[PDB]
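Everything on this sheet refers to the single structure shown next.
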Amino acid sequence: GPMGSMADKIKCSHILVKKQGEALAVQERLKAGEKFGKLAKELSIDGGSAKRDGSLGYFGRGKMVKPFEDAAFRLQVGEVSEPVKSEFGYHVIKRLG
């Protein structure tokens with residue numbers, strides 16, 4: 001039982017790309033060994049938020065969009081989630097905490 005209690009929130013990151021086809025690719029290549037945050041500045045078009053490597057950090061039920069928040073707590077394994085398109089664009093989610 002190592003130190004690290006309390007985890008009501010989810011610790012994930014997000015990326016955005018207009019080329020919806022890439023979103024499907026990055027998710028594939030993301031696990032290749034590259035860091036999610038890297039893609040943030042690499043190909044992610046996400047505004048300022050991308051400057052923080054998309055480090056969404058601990059979020060709860062009421063911070064991200066409905067489609068995103070849903071996939072936010074679905075990939076507890078720590079992987080990329082299906083191409084989620086919100087009012088912002090084609091999002092991506094890789095658990096990181």
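In the structure tokens, chains take letters A, B, ... by order of appearance, with residues numbered from 1 within each chain and ligands from 1 in the order shown.
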(message) Show me, as a PyMOL selection string, the residues that have an atom within 8 Å of residue A:54 when counting only C-alpha atoms, minus same-chain residues fewer than 2 positions from it.
(response) chain A and resi 13-15+36-37+40+49-52+56
(request) Write down as a PyMOL selection string the residues belonging to chain A that are assigned helix (DSSP H, G or I) by DSSP computed on the backbone. (result) chain A and resi 20-30+36-42+48-52+66-72
Kindly export the residues of the current selection with N, CA, C and O atoms, as a compact mmCIF listing (two decimals), in the first residue's frame.
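Below is the file that was written, again15.txt:
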# COMPACT_ATOMS: atom_id res chain seq x y z
N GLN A 20 -9.03 14.47 -38.91
CA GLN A 20 -9.62 13.37 -38.15
C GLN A 20 -8.94 12.04 -38.44
O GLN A 20 -8.95 11.14 -37.59
N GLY A 21 -8.35 11.90 -39.62
CA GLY A 21 -7.69 10.65 -39.94
C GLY A 21 -6.45 10.44 -39.10
O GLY A 21 -6.10 9.31 -38.76
N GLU A 22 -5.79 11.53 -38.74
CA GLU A 22 -4.59 11.45 -37.91
C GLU A 22 -4.95 11.01 -36.50
O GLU A 22 -4.27 10.17 -35.91
N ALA A 23 -6.03 11.58 -35.98
CA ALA A 23 -6.50 11.25 -34.64
C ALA A 23 -6.54 9.73 -34.45
O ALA A 23 -6.20 9.22 -33.38
N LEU A 24 -6.94 9.03 -35.50
CA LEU A 24 -7.00 7.57 -35.47
C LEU A 24 -5.60 6.97 -35.52
O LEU A 24 -5.35 5.90 -34.95
N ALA A 25 -4.70 7.65 -36.20
CA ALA A 25 -3.32 7.19 -36.34
C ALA A 25 -2.53 7.45 -35.07
O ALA A 25 -1.92 6.54 -34.51
N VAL A 26 -2.55 8.70 -34.59
CA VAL A 26 -1.83 9.05 -33.38
C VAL A 26 -2.17 8.08 -32.25
O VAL A 26 -1.28 7.59 -31.58
N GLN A 27 -3.45 7.80 -32.07
CA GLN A 27 -3.86 6.86 -31.03
C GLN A 27 -3.12 5.54 -31.19
O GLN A 27 -2.75 4.90 -30.21
N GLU A 28 -2.90 5.17 -32.44
CA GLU A 28 -2.20 3.94 -32.78
C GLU A 28 -0.70 4.06 -32.50
O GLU A 28 -0.09 3.16 -31.92
N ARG A 29 -0.11 5.17 -32.95
CA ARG A 29 1.32 5.42 -32.78
C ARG A 29 1.66 5.90 -31.37
O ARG A 29 2.80 5.78 -30.92
N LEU A 30 0.68 6.47 -30.68
CA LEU A 30 0.89 6.99 -29.33
C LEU A 30 1.51 5.93 -28.42
O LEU A 30 2.48 6.20 -27.71
N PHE A 36 2.31 11.21 -24.82
CA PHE A 36 1.09 11.92 -25.18
C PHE A 36 1.32 13.43 -25.20
O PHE A 36 0.98 14.11 -26.16
N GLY A 37 1.92 13.93 -24.13
CA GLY A 37 2.20 15.35 -24.03
C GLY A 37 3.00 15.85 -25.22
O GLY A 37 2.81 16.99 -25.66
N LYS A 38 3.88 15.01 -25.73
CA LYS A 38 4.71 15.36 -26.88
C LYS A 38 3.83 15.75 -28.06
O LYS A 38 3.98 16.83 -28.63
N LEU A 39 2.91 14.87 -28.41
CA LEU A 39 1.99 15.11 -29.52
C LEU A 39 1.27 16.44 -29.33
O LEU A 39 0.91 17.11 -30.30
N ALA A 40 1.08 16.83 -28.07
CA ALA A 40 0.40 18.08 -27.75
C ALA A 40 1.03 19.24 -28.51
O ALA A 40 0.35 19.98 -29.22
N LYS A 41 2.34 19.38 -28.37
CA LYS A 41 3.08 20.43 -29.05
C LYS A 41 3.47 19.99 -30.46
O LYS A 41 3.75 20.82 -31.33
N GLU A 42 3.55 18.68 -30.66
CA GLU A 42 3.97 18.12 -31.95
C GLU A 42 2.92 18.32 -33.05
O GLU A 42 3.17 19.08 -33.99
N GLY A 48 -3.70 27.22 -26.37
CA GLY A 48 -2.85 27.32 -25.17
C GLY A 48 -2.77 26.07 -24.31
O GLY A 48 -1.69 25.69 -23.87
N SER A 49 -3.90 25.42 -24.06
CA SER A 49 -3.91 24.21 -23.24
C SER A 49 -2.88 23.19 -23.74
O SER A 49 -2.40 22.36 -22.96
N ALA A 50 -2.55 23.24 -25.02
CA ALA A 50 -1.57 22.33 -25.60
C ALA A 50 -0.16 22.65 -25.13
O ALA A 50 0.73 21.81 -25.16
N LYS A 51 0.04 23.90 -24.69
CA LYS A 51 1.35 24.34 -24.22
C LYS A 51 1.73 23.66 -22.91
O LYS A 51 2.89 23.69 -22.51
N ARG A 52 0.76 23.02 -22.27
CA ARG A 52 1.00 22.31 -21.02
C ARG A 52 1.02 20.81 -21.25
O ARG A 52 0.75 20.02 -20.35
N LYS A 66 -19.00 16.24 -22.33
CA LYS A 66 -19.69 14.97 -22.09
C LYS A 66 -19.01 13.78 -22.78
O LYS A 66 -18.79 12.74 -22.16
N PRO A 67 -18.67 13.91 -24.08
CA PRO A 67 -18.02 12.82 -24.82
C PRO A 67 -16.62 12.52 -24.31
O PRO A 67 -16.18 11.37 -24.28
N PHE A 68 -15.92 13.57 -23.92
CA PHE A 68 -14.56 13.45 -23.41
C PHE A 68 -14.57 12.89 -21.99
O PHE A 68 -13.87 11.93 -21.69
N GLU A 69 -15.38 13.50 -21.13
CA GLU A 69 -15.49 13.07 -19.75
C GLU A 69 -15.84 11.59 -19.67
O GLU A 69 -15.43 10.89 -18.75
N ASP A 70 -16.61 11.13 -20.65
CA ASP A 70 -17.02 9.73 -20.70
C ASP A 70 -15.82 8.82 -20.92
O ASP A 70 -15.60 7.87 -20.17
N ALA A 71 -15.05 9.11 -21.96
CA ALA A 71 -13.87 8.32 -22.29
C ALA A 71 -12.71 8.61 -21.34
O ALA A 71 -11.69 7.93 -21.36
N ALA A 72 -12.87 9.63 -20.50
CA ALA A 72 -11.83 10.01 -19.55
C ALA A 72 -11.66 8.97 -18.46
O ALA A 72 -10.54 8.71 -18.00
(request) List every residue of chain A that DSSP, applied to the backbone of this structure, places in strand (DSSP E), and write the result as an NGL selection string. (result) :A and (10-17 or 55-59 or 84-85 or 90-95)
Generate a file of the selected residues that holds C-alpha atoms, formatted as an mmCIF file, in the first residue's frame.
data_model
loop_
_atom_site.group_PDB
_atom_site.id
_atom_site.type_symbol
_atom_site.label_atom_id
_atom_site.label_comp_id
_atom_site.auth_asym_id
_atom_site.auth_seq_id
_atom_site.Cartn_x
_atom_site.Cartn_y
_atom_site.Cartn_z
ATOM 1 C CA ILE A 10 -9.034 11.116 -13.450
ATOM 2 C CA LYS A 11 -5.561 11.928 -14.630
ATOM 3 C CA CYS A 12 -5.462 12.019 -18.418
ATOM 4 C CA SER A 13 -4.281 14.237 -21.288
ATOM 5 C CA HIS A 14 -5.855 15.501 -24.532
ATOM 6 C CA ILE A 15 -4.840 16.224 -28.121
ATOM 7 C CA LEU A 16 -6.650 17.923 -31.024
ATOM 8 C CA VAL A 17 -6.314 17.642 -34.800
ATOM 9 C CA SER A 55 -1.772 17.532 -18.957
ATOM 10 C CA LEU A 56 -5.436 17.458 -17.974
ATOM 11 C CA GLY A 57 -4.345 16.085 -14.605
ATOM 12 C CA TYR A 58 -6.915 15.085 -11.986
ATOM 13 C CA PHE A 59 -10.351 15.914 -13.356
ATOM 14 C CA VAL A 84 -13.953 11.760 -29.861
ATOM 15 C CA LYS A 85 -15.252 14.793 -31.736
ATOM 16 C CA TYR A 90 -11.296 15.576 -32.855
ATOM 17 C CA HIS A 91 -10.032 14.933 -29.323
ATOM 18 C CA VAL A 92 -7.856 12.158 -27.899
ATOM 19 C CA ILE A 93 -7.315 10.792 -24.374
ATOM 20 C CA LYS A 94 -4.373 8.960 -22.788
ATOM 21 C CA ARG A 95 -4.369 8.363 -19.029
#
